[PDB]
Structures are given as C-alpha cells and as structure tokens.
Amino acid sequence: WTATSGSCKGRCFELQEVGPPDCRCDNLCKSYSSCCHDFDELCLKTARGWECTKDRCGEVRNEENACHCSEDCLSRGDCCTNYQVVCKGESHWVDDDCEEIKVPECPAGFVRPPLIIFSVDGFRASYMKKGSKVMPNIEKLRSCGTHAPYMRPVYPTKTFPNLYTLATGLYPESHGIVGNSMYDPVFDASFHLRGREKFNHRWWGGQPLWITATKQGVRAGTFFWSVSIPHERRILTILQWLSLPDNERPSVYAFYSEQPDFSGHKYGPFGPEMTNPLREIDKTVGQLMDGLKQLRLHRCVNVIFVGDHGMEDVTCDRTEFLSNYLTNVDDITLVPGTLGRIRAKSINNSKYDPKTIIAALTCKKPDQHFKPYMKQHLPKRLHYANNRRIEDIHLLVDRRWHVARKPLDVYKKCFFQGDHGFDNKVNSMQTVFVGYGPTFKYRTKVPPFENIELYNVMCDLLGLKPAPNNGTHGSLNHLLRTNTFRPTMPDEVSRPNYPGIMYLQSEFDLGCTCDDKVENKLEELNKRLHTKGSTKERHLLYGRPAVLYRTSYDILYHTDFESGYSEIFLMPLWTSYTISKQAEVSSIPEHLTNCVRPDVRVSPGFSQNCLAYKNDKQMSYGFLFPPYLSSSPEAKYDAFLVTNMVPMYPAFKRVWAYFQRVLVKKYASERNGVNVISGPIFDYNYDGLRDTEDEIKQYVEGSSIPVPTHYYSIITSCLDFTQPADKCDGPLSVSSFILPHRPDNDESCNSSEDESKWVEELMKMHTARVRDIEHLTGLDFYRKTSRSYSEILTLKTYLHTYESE
Ligand SMILES: *[C@@H]1O[C@H](CO)[C@@H](O[C@@H]2O[C@H](CO)[C@@H](O[C@@H]3O[C@H](CO[C@H]4O[C@H](CO)[C@@H](O)[C@H](O[C@H]5O[C@H](CO)[C@@H](O)[C@H](O)[C@@H]5O[C@H]5O[C@H](CO)[C@@H](O)[C@H](O)[C@@H]5O)[C@@H]4O)[C@@H](O)[C@H](O[C@H]4O[C@H](CO)[C@@H](O)[C@H](O)[C@@H]4O[C@H]4O[C@H](CO)[C@@H](O)[C@H](O)[C@@H]4O)[C@@H]3O)[C@H](O)[C@H]2NC(C)=O)[C@H](O)[C@H]1NC(C)=O
Ligand SMILES: Cc1nnn(Cc2cc(C(F)(F)F)ccc2/C=C/C(=O)N(C)CCOc2ccccc2)n1
Ligand SMILES: [Ca+2]
Ligand SMILES: [Ca+2]
Ligand SMILES: [Cl-]
Ligand SMILES: [K+]
Ligand code: NA
Ligand SMILES: [Zn+2]
C-alpha cells in the first residue's frame, strides 16, 4: 500500500529513497508502482524536447520545459546539453581535438574526480570496429582514452549476473545472482526479471560499489533506472546531481541503456535494424559529454563505457528438445534457453535419478548441440557450482542454439533472432571496455581482461578500499595514469624441508618392483650434484612456488625436474621442468614398464605403495614428470620414483599420456622451449578453493592416498619466441589447464577415436588462468622474476581462450 497523495515537489530523483506508505520520487519508484501522483508532471517533464534552438536562447525560465536555454540554467545545472553550442557558439565535445588530460581539471570544491559508469546492455565487442562510422562520440572516447579490444563477461553471459559482477567484483556463484531466473530452495522462493521478489535484499550478496562508497563516506548516485524513464532524462538527472553543493553531490554515478540488447534480440547482433540503436547510444554519449563540457567537468570526470555481454545469432529452428532424449520429461523442471539447469519437478519423487538423466542426455545424437554436466564437472574457469541456487544438472549449450523441454514451449510463448547466455569464452559474448579521464591513460590499448577485475579499479578511481572479491587487485594497474594499487606478494606460510638420503631400499615394503640393478666417480659426483639441486635454475625458472597454508612438505631435486612433495597428501603439490626446443621424446624401455622405485629421501610412511593400486580395480597411476622427456637413459630412472607417482583412472591416463608424450614436445617446438609446472588439485566441495585433508571423499582402495579431482599444468615461455624459454629477457607467455580427473571420457563424444582427434580439444575446453590454479592449490607462482609484480598479476589472470581472432 502506498499513500500516493504525498508530493514529489522538490524531491525528483531523490537519492535517499523513503519508506512506505510515504510515496516515492526515486529512480525506481515506477518499478515498484510507488511514485507520488505528481511524479510524471514534476519529474518527467518533456515540454519542448531535449535541445535548445536559436529562438530559445536567453529565454525566460519556464519550469514546464524538459531542459532550459535561459541564462541562469548553468548555475542551476539544467540547461539542455546543447545550450552552449546553440546559444554561445561553443563546439560539441566530439568536434574538439583530444588533448591529454594529465591532471583532474575540476571546479573548486571537488574532493576527487567523479566516476560515471555508462553501461550498455548487449553491446558486443565487435560493434566498436563494425559500427565505428555511426558512433563518433564513442570512437573519440575509445581512441583518446584507454580501451581493451574486448572485455570477458562472466558465465552465464546474462544481464543480471553480469551487471552485479561489475558492481561487486564477484563471480555469480558468490554474489548469488546466478541467473536472470532462480529458485532458492532454502528460501523456497523464485527470482524473476518481472515481478517483486527480485526487490528482496536476501537475493543480492557481496557488497556492490554504491554500498562500498557509502560505507566509506563517498556519496553515490542511484545506479538502477526504471525502464520508462527516457535516456535524455537519466543524463540530465546525472548532470543536475553533479551541480549539487559539495556536501550533497555524489562522487559516483551509473547510466544504464537497455540498448542495443533490446533490438539485438529482435534482429540479431548485425541485423540492418541495429544501426539506429547504435546511433542513438552514441548521441546519448554525446549529450553526456556536451553536458559535462558546459559544466567544465569534461576534463575532471572519469568515464567508463562498459558492456555486460555481447549477442549471438539464435533462432527458433535451432532448438534441441529434451523430449527427444527423455521419456520422463514431465518429472523435470528445466531453466531453458542458452543454458540449461535441470532439477526434479517434485522433491517427493523418490525415483528421480540425476545419473540416469545425464546418461540419457550424453552423446545421443551425432551433432548434439548441448552437453550435460554435473555442475562440479563444468570447466573450472566458469566458477559456476558453489551456490544452492545452481541446479546439480547443467547443460552447456552450443553457441547459436537453445535448449527447451518440449516443442510446445517454443511455439506457445518466429520471435527472436539474437540471444546470449553461452560460455563466456565465446567470441560473440565478448563485450566492451573504454576508460576516459584524468585517472586513465591517454591513447592506450590494453590487453583483454575479465569484468570481475573492474570493481577493484572503480574502487581505486574513487580512493575506496574494495570489499573482498574475485578480482586480482593490481592486475589492471596498466590501465591507470595514477591511483595504482601496489600490492606485496603474499608471505610464504610453510617452508620446505630438503631431505637427503636417509632410508635403505629394504625399509620399503610397498609391493613395488623395478628392474634397476645396473652398475664410476666421474658420473657419481655428477648424480649427487643433481640431487643437491645443480640443475634447479634450468627447471625452476621463476623460483619455487610459495606454499600459502600450513603443511609439511619436501623439495626434491633431480636432473630433469624439481618437485615440492607433500607428506600429508603423499604426492607432489607441484612438479617443475623445462623442455627446450631441441629436446627429444623417448619411449619407456620394456624393462621399466611397471617400474616404481622407492625414494630413499622419503620415509616408507610418507610414500605411496604399489599394492594399493594393484588392489584398486578402478584406479591406476601416472607420473607428474613424464618419463618420455628424460634427458638420458640414466636420468630416466628418476621419473619412476614413487614420489613422482599420482593416482589416475585408466580413462584419464589416455588424456595425460597424450599430453605428456605428444603435446609438451609440440609446445616446446612452437614456443621455443617451455617451462611446465604440473600437479594435483583436490576440490571435492567444488568451491574453487584448495581442500583441507578432511574434505577428501575418495582414496586409493585400502590406503591413505587421496584421489585428485583435477590435474593442472602451467606452461610458460618467452613472449618474444625468438628467445628460448630459459633465456628470456622480457615479458612471459602462459597457457594453463585444469583437467577433470574423471573415470570415463563421456565428456568427449569422439573419445573412442585416436587421442589426436579429441584430447587437445578437451584441454582447450578446460583452459585456466594461473590465478584459478592458485586458488585451487594455495600456491603462489612466479615468485622470482625480474618483471614488475603488477605485470606478473596480469600474466596470472591471463586466459588463453582458443577462439579465432
Ligand atoms: C571469490 O571472492 C569471495 C569474497 O572473498 C570468496 O567468498 C568468500 O569465501 C570464504 C571462504 O569460503 C567465505 O568465508 C566464510 O564466511 C562465513 C561468514 O559468511 C557470511 O559473512 C560474509 C561477510 O559479510 C558474507 O559475505 C557471506 O555472504 C555469503 O552468504 C550469503 C548467504 O547468507 C549470501 O547472500 C552471499 O551471496 C554469500 O554467499 C556465498 O558464500 C557462501 C560461503 O560463505 C556460500 O555458501 C554461498 O553458496 C555463496 O557462494 C556470509 O553471509 C563463515 O561462517 C565461514 O566460516 C566457516 O568456515 C571456516 C573455514 O575457515 C571455519 O574455520 C569456520 O569455523 C566456519 O566453519 C563453521 O561453519 C561451517 C559451515 O556452516 C560448519 O560446517 C563448521 O562445522 C563450522 O562451525 C567462512 O569463513 C566468505 O563468506 C565468502 N564471501 C562471499 C562474499 O562469498 C570466494 O571464495 C572467491 N572465490 C574464488 C574461486 O576465489
Ligand atoms: C542486475 C544489476 N546489478 N546491479 N545493477 C545496477 C547497475 C550496475 C552497473 C554497474 F556496472 F556499475 F555495476 C551499471 C548499471 C546498473 C543499472 C542497472 C539497471 O538500471 N537495470 C538493470 C534496470 C532496472 O533493473 C532492476 C533490477 C533490480 C531491481 C529493480 C530494477 N543491476
Ligand atoms: Ca544484458
Ligand atoms: Ca574446495
Ligand atoms: Cl538464467
Ligand atoms: K588398479
Ligand atoms: Na566418450
Ligand atoms: Zn538480452
């Protein structure tokens, strides 16, 4: 209930929104159906349009008018944005040459440069080049400011998850807005774009930028706009707020455009009808910049032009129907479209089995355009599992496609030609970033980066301390002229032991065997030196990783590789080795096929054993340092040490062996040497963080050997590939993966074929940032380089996406 017969006089777009049944005059009153009776008359004036004309110059102020052309308007802050151009012979901002903004040039009384976030829904990254002729204002922001070729959205590439990630720096699984539509089973309530439940604050986790600002004494304009408030009115409202007295004036604002998304759905990302919405957005940016220029704020404000996601071609005919795969289709609820989320229609259904639903949806049609997953098996780079609002069963849908439950759903609701929501690596889902102003760099292009990083930078721009978030603070320092954040490397928590030879062969009763009783002082001092770490600078090129949690571990040196061996998990946390361009792949000799050798530096009690693997009919083993890449027949023996062994399903060993035998050498050949660090990951609770030992749900039968959920590798070389990996003078290049350690290859529909036809594609699907591996292991990599730490943080957030240009 609203007493809508209070008034909006003097209250239009009030920043402190008032409590029911007192009526409202804020940005969102329309959305709540709670505006005072006179809101439209007083706050949504339209009389005479949005532009000054020659006859209106120096007019008498008429309060009915949408904006003003009178002499007093500038003091008041409510001139039409083109007032100085029409009435004072000024030029439009877009027609002025750009000039470096070295320092904020702000009116007296401004304590910090304001920040204006200009957010555009569905603005696909390629619009910057493809629409450049019709977007002169945006092109000036882009060419004169700092820009990335594209910005990576989060998954799912929907509006609400992405705007709220922008606001918070958090993955959807952490902020809780995991879709445009959601069921929370704790609340037993549903969240939808249309309706009232989305207004409840219990949906919205983390701490968005406007709250961060308020908590720290920085006033914020309201970020949200009701759809019926015209764009010119949103711009004029921001320009009036900027004219408030110092004590009332916000320092941070957002504008939101529903375009070009709205038209993109109807006409496709590049429909001829798309030109007009792009023109209209540009004119809005123009009105803002002209308006700032009139207020002498155009070299004072930092402006961010940013999108939430792109737009792909998707039509009705490109729909897969679950009714074509499932006989029980009415016993499930599907969240449909450009992703699928499945749960049971009724929690009282005891015969609902997710395992049989997944099997019925797996590799059933030759060109099947979606892939089912238990959410914990989704690529770790999506960070899309650790929320009760995300259903256990997920469908990753191919770009250009929809999934629906039954044909009736699609023709009882062709309407649309564009949609979005797909995997956030997909080129069509990429969006835009431009920063322009005194705090951003001048005429600078930066590499693509993820939208989770922006909250930290917006905090830097405003002098705020960010709430804990998923950005890596410092990794975007290269966007900024000043206000950079200078972090220190985290402190190592556990120091390693460096064990020497302390055990006799016969102390080990591991059920292991090796044919190694082979027979010199020239070569014996040599092997001892290698065991003392003489080759370690070749194989540990960027220093040893730091262990950031409490544990007991040993550094083990060898001719070809160095490892940090966990006495708790009975295997390496990490294994590091360098493979030059010239290196040769050899085979495992016949005599060594089932060889596993005791490591006389490590107690039998801290070792794996072969009997456990023999007993465990499901589990086999592999090696972290590949025997195939040994430098010599003699060095090869080190690769068979029980301390280089890890538990591996036979199905996974196909993957691992092809990676180690074929791909490592291929990358060394393509990149001029590679350094590789590989290791296990344990993430049984799918939270993206390193498990403690008491979280482990599976061990090798009858043993204390924990089974990894994933295996990682980080493959580093010189960015200038004319220099070998081990003699690199400048910036580095990295690609990494987090491969799921699965007992079958059901994920890969073509896995009955030769590994050359499917393994590399699997690895590409599971591409990862070094930072993702750090969260999952509690390690910190690249500790000893000569590069600036900010540059290393950028390297650690890099994701190799394997999309064309
Ligand atoms: C991305 O960045 C974010 C931000 O840094 C990282 O998320 C953090 O991860 C931390 C580790 O998991 C986590 O710390 C926990 O906090 C608990 C207190 O939580 C409340 O307070 C904070 C601060 O105000 C608040 O932000 C939280 O908000 C969450 O929960 C509400 C629901 O009420 C949501 O609205 C909101 O969206 C958000 O949800 C997300 O986080 C939770 C986990 O907290 C998930 O379950 C959700 O799915 C969703 O992802 C909270 O309101 C605190 O109680 C925890 O302490 C327990 O665990 C520690 C381990 O050290 C143990 O020592 C303690 O004793 C304690 O254990 C006891 O409780 C157990 C569970 O009930 C029980 O089993 C035991 O027996 C014990 O009695 C813990 O410290 C932090 O909250 C979140 N923050 C956010 C914002 O999500 C994230 O990890 C990063 N991601 C990656 C990949 O790096
Ligand atoms: C989602 C989400 N999360 N945060 N925002 C605000 C926002 C943020 C940011 C950013 F980039 F700076 F972060 C930029 C713009 C916005 C504004 C969004 C907006 O005006 N709309 C989506 C229309 C009205 O929508 C609603 C939504 C809920 C309730 C009532 C109305 N939107
Ligand atoms: Ca959107
Ligand atoms: Ca975990
Ligand atoms: Cl959704
Ligand atoms: K076995
Ligand atoms: Na398969
Ligand atoms: Zn959309």
# chains A, B, ... in the order shown; residues from 1 in each chain; ligands from 1
>>> residues_around(residues="residue 647 (chain A)", least_positions_apart="3", cutoff="10 Å", atoms="only C-alpha atoms", output="ChimeraX atom specification")
/A:571,608,613,619-623,650,652-653,680,699-700,705-708,741
>>> write_last_selection(atoms="N, CA, C and O atoms", output="PDB file, in the first residue's frame")
ATOM      1  N   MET A 571      52.143 -37.027  -2.300  1.00  0.00           N
ATOM      2  CA  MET A 571      52.407 -36.809  -3.723  1.00  0.00           C
ATOM      3  C   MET A 571      52.858 -35.365  -3.842  1.00  0.00           C
ATOM      4  O   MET A 571      52.655 -34.587  -2.925  1.00  0.00           O
ATOM      5  N   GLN A 608      53.557 -43.429  -1.221  1.00  0.00           N
ATOM      6  CA  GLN A 608      52.519 -44.296  -1.796  1.00  0.00           C
ATOM      7  C   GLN A 608      53.031 -45.737  -1.845  1.00  0.00           C
ATOM      8  O   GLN A 608      54.181 -46.002  -1.545  1.00  0.00           O
ATOM      9  N   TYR A 613      47.362 -49.755  -5.551  1.00  0.00           N
ATOM     10  CA  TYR A 613      46.957 -49.613  -6.954  1.00  0.00           C
ATOM     11  C   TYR A 613      46.568 -50.968  -7.553  1.00  0.00           C
ATOM     12  O   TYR A 613      45.636 -51.061  -8.361  1.00  0.00           O
ATOM     13  N   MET A 619      41.466 -47.833 -10.116  1.00  0.00           N
ATOM     14  CA  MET A 619      42.480 -46.764 -10.095  1.00  0.00           C
ATOM     15  C   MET A 619      43.818 -47.256 -10.611  1.00  0.00           C
ATOM     16  O   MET A 619      44.301 -48.280 -10.145  1.00  0.00           O
ATOM     17  N   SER A 620      44.426 -46.548 -11.548  1.00  0.00           N
ATOM     18  CA  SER A 620      45.820 -46.829 -11.916  1.00  0.00           C
ATOM     19  C   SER A 620      46.697 -45.643 -11.447  1.00  0.00           C
ATOM     20  O   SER A 620      46.314 -44.950 -10.496  1.00  0.00           O
ATOM     21  N   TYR A 621      47.858 -45.437 -12.054  1.00  0.00           N
ATOM     22  CA  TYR A 621      48.728 -44.328 -11.716  1.00  0.00           C
ATOM     23  C   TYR A 621      49.390 -43.742 -12.957  1.00  0.00           C
ATOM     24  O   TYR A 621      49.529 -44.432 -13.957  1.00  0.00           O
ATOM     25  N   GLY A 622      49.806 -42.471 -12.861  1.00  0.00           N
ATOM     26  CA  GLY A 622      50.666 -41.827 -13.819  1.00  0.00           C
ATOM     27  C   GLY A 622      51.806 -41.110 -13.122  1.00  0.00           C
ATOM     28  O   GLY A 622      51.960 -41.212 -11.894  1.00  0.00           O
ATOM     29  N   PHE A 623      52.578 -40.377 -13.899  1.00  0.00           N
ATOM     30  CA  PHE A 623      53.707 -39.619 -13.384  1.00  0.00           C
ATOM     31  C   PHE A 623      53.563 -38.155 -13.691  1.00  0.00           C
ATOM     32  O   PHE A 623      53.095 -37.789 -14.781  1.00  0.00           O
ATOM     33  N   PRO A 650      42.319 -45.174 -15.612  1.00  0.00           N
ATOM     34  CA  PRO A 650      42.745 -45.561 -16.977  1.00  0.00           C
ATOM     35  C   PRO A 650      42.201 -44.626 -18.057  1.00  0.00           C
ATOM     36  O   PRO A 650      42.948 -44.204 -18.921  1.00  0.00           O
ATOM     37  N   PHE A 652      41.487 -41.417 -17.751  1.00  0.00           N
ATOM     38  CA  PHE A 652      42.306 -40.200 -17.711  1.00  0.00           C
ATOM     39  C   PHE A 652      43.731 -40.368 -18.212  1.00  0.00           C
ATOM     40  O   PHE A 652      44.293 -39.433 -18.796  1.00  0.00           O
ATOM     41  N   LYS A 653      44.345 -41.527 -17.959  1.00  0.00           N
ATOM     42  CA  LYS A 653      45.703 -41.785 -18.469  1.00  0.00           C
ATOM     43  C   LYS A 653      45.834 -41.640 -19.975  1.00  0.00           C
ATOM     44  O   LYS A 653      46.868 -41.214 -20.441  1.00  0.00           O
ATOM     45  N   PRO A 680      48.442 -32.007  -8.790  1.00  0.00           N
ATOM     46  CA  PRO A 680      47.101 -32.466  -8.489  1.00  0.00           C
ATOM     47  C   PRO A 680      46.293 -31.281  -7.909  1.00  0.00           C
ATOM     48  O   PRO A 680      46.888 -30.307  -7.387  1.00  0.00           O
ATOM     49  N   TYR A 699      39.825 -42.204  -1.836  1.00  0.00           N
ATOM     50  CA  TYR A 699      41.223 -42.617  -1.621  1.00  0.00           C
ATOM     51  C   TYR A 699      41.466 -43.839  -2.474  1.00  0.00           C
ATOM     52  O   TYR A 699      40.522 -44.485  -2.899  1.00  0.00           O
ATOM     53  N   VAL A 700      42.718 -44.146  -2.781  1.00  0.00           N
ATOM     54  CA  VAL A 700      43.016 -45.388  -3.465  1.00  0.00           C
ATOM     55  C   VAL A 700      42.684 -46.520  -2.466  1.00  0.00           C
ATOM     56  O   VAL A 700      43.032 -46.452  -1.304  1.00  0.00           O
ATOM     57  N   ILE A 705      46.143 -42.727   0.303  1.00  0.00           N
ATOM     58  CA  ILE A 705      46.454 -41.966  -0.906  1.00  0.00           C
ATOM     59  C   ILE A 705      45.153 -41.277  -1.427  1.00  0.00           C
ATOM     60  O   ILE A 705      44.269 -41.960  -1.924  1.00  0.00           O
ATOM     61  N   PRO A 706      45.067 -39.935  -1.337  1.00  0.00           N
ATOM     62  CA  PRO A 706      43.875 -39.197  -1.747  1.00  0.00           C
ATOM     63  C   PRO A 706      43.830 -39.099  -3.294  1.00  0.00           C
ATOM     64  O   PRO A 706      44.871 -39.045  -3.934  1.00  0.00           O
ATOM     65  N   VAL A 707      42.630 -39.088  -3.866  1.00  0.00           N
ATOM     66  CA  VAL A 707      42.456 -39.091  -5.281  1.00  0.00           C
ATOM     67  C   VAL A 707      42.143 -37.631  -5.705  1.00  0.00           C
ATOM     68  O   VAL A 707      41.161 -37.047  -5.235  1.00  0.00           O
ATOM     69  N   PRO A 708      42.984 -37.043  -6.578  1.00  0.00           N
ATOM     70  CA  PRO A 708      42.711 -35.675  -7.044  1.00  0.00           C
ATOM     71  C   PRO A 708      41.405 -35.598  -7.827  1.00  0.00           C
ATOM     72  O   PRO A 708      41.021 -36.571  -8.527  1.00  0.00           O
ATOM     73  N   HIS A 741      39.649 -35.035 -13.425  1.00  0.00           N
ATOM     74  CA  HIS A 741      40.181 -36.359 -13.281  1.00  0.00           C
ATOM     75  C   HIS A 741      38.957 -37.292 -13.214  1.00  0.00           C
ATOM     76  O   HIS A 741      38.444 -37.603 -12.135  1.00  0.00           O
TER      77      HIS A 741
END
>>> residues_around(residues="region 181-186 of chain A", least_positions_apart="2", cutoff="10 Å", atoms="only C-alpha atoms", output="mmCIF file with N, CA and C atoms, in the first residue's frame")
data_model
loop_
_atom_site.group_PDB
_atom_site.id
_atom_site.type_symbol
_atom_site.label_atom_id
_atom_site.label_comp_id
_atom_site.auth_asym_id
_atom_site.auth_seq_id
_atom_site.Cartn_x
_atom_site.Cartn_y
_atom_site.Cartn_z
ATOM 1 N N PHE A 160 21.635 -9.833 -15.614
ATOM 2 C CA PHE A 160 21.689 -9.629 -14.162
ATOM 3 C C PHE A 160 22.982 -10.131 -13.509
ATOM 4 N N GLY A 176 25.457 -14.488 -5.748
ATOM 5 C CA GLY A 176 24.127 -15.072 -5.653
ATOM 6 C C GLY A 176 23.167 -14.851 -6.786
ATOM 7 N N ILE A 177 23.467 -13.910 -7.676
ATOM 8 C CA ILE A 177 22.636 -13.683 -8.863
ATOM 9 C C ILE A 177 23.182 -14.575 -9.983
ATOM 10 N N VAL A 178 22.741 -15.850 -9.958
ATOM 11 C CA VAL A 178 23.375 -16.906 -10.738
ATOM 12 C C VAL A 178 22.680 -17.041 -12.061
ATOM 13 N N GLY A 179 21.594 -16.296 -12.218
ATOM 14 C CA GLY A 179 20.859 -16.282 -13.482
ATOM 15 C C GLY A 179 19.900 -15.092 -13.516
ATOM 16 N N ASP A 188 12.834 -21.293 -0.280
ATOM 17 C CA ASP A 188 11.731 -21.735 -1.139
ATOM 18 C C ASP A 188 11.089 -20.492 -1.771
ATOM 19 N N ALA A 189 11.845 -19.799 -2.610
ATOM 20 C CA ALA A 189 11.287 -18.652 -3.348
ATOM 21 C C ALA A 189 11.967 -18.591 -4.697
ATOM 22 N N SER A 190 11.262 -18.021 -5.675
ATOM 23 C CA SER A 190 11.769 -17.838 -7.038
ATOM 24 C C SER A 190 12.067 -16.361 -7.326
ATOM 25 N N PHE A 191 13.117 -16.132 -8.120
ATOM 26 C CA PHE A 191 13.585 -14.785 -8.513
ATOM 27 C C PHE A 191 13.323 -14.733 -10.004
ATOM 28 N N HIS A 192 12.705 -13.644 -10.475
ATOM 29 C CA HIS A 192 12.453 -13.417 -11.933
ATOM 30 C C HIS A 192 12.676 -11.959 -12.328
ATOM 31 N N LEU A 193 12.955 -11.701 -13.609
ATOM 32 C CA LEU A 193 13.146 -10.322 -14.089
ATOM 33 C C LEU A 193 11.895 -9.459 -13.897
ATOM 34 N N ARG A 194 10.743 -10.057 -14.136
ATOM 35 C CA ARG A 194 9.496 -9.366 -13.965
ATOM 36 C C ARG A 194 8.981 -9.774 -12.604
ATOM 37 N N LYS A 198 12.543 -10.050 -6.732
ATOM 38 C CA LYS A 198 13.881 -9.517 -7.028
ATOM 39 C C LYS A 198 14.219 -8.272 -6.195
ATOM 40 N N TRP A 203 18.392 -11.804 -1.933
ATOM 41 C CA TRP A 203 18.997 -12.390 -3.142
ATOM 42 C C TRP A 203 20.439 -11.908 -3.422
ATOM 43 N N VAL A 335 15.272 -24.888 -16.413
ATOM 44 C CA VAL A 335 15.562 -23.491 -16.728
ATOM 45 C C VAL A 335 16.172 -23.495 -18.135
ATOM 46 N N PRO A 336 15.464 -22.918 -19.158
ATOM 47 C CA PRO A 336 15.803 -23.138 -20.553
ATOM 48 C C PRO A 336 16.605 -22.019 -21.233
ATOM 49 N N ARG A 341 19.388 -25.670 -16.876
ATOM 50 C CA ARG A 341 19.564 -26.095 -15.494
ATOM 51 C C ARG A 341 18.367 -27.002 -15.199
ATOM 52 N N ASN A 387 26.851 -22.695 -5.286
ATOM 53 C CA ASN A 387 25.672 -21.959 -4.842
ATOM 54 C C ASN A 387 24.481 -22.899 -4.919
ATOM 55 N N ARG A 388 23.702 -22.958 -3.831
ATOM 56 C CA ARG A 388 22.455 -23.787 -3.769
ATOM 57 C C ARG A 388 21.434 -23.372 -4.832
ATOM 58 N N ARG A 389 21.631 -22.193 -5.438
ATOM 59 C CA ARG A 389 20.727 -21.746 -6.493
ATOM 60 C C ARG A 389 21.079 -22.325 -7.856
ATOM 61 N N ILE A 390 22.233 -22.982 -7.970
ATOM 62 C CA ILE A 390 22.655 -23.569 -9.248
ATOM 63 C C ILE A 390 22.296 -25.059 -9.145
ATOM 64 N N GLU A 391 21.408 -25.508 -10.040
ATOM 65 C CA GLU A 391 20.983 -26.924 -10.069
ATOM 66 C C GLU A 391 22.138 -27.884 -10.331
#
>>> residues_around(residues="residue 657 (chain A)", least_positions_apart="6", cutoff="10 Å", atoms="only C-alpha atoms", output="list in words")
residues 622, 623, 626, 628, 663, 755 and 759 of chain A
>>> residues_near_ligand(ligand="ligand 1", cutoff="6 Å", atoms="only C-alpha atoms and all ligand atoms", output="PyMOL selection string")
chain A and resi 170+173-176+204-206+386-388+468-470+688-689+775
>>> closest_atom_pairs(of="chain A", to="ligand 8", cutoff="8 Å", atoms="only C-alpha atoms and all ligand atoms", output="Markdown table")
| residue | atom | partner | partner_atom_place_in_ligand_line | distance |
| --- | --- | --- | --- | --- |
| A:121 | CA | ligand 8 | 1 (Zn) | 7.2 |
| A:122 | CA | ligand 8 | 1 (Zn) | 6.2 |
| A:158 | CA | ligand 8 | 1 (Zn) | 6.7 |
| A:159 | CA | ligand 8 | 1 (Zn) | 6.5 |
| A:261 | CA | ligand 8 | 1 (Zn) | 5.0 |
| A:262 | CA | ligand 8 | 1 (Zn) | 6.4 |
| A:264 | CA | ligand 8 | 1 (Zn) | 7.6 |
| A:265 | CA | ligand 8 | 1 (Zn) | 6.3 |
| A:311 | CA | ligand 8 | 1 (Zn) | 7.6 |
| A:419 | CA | ligand 8 | 1 (Zn) | 6.2 |
| A:420 | CA | ligand 8 | 1 (Zn) | 6.4 |
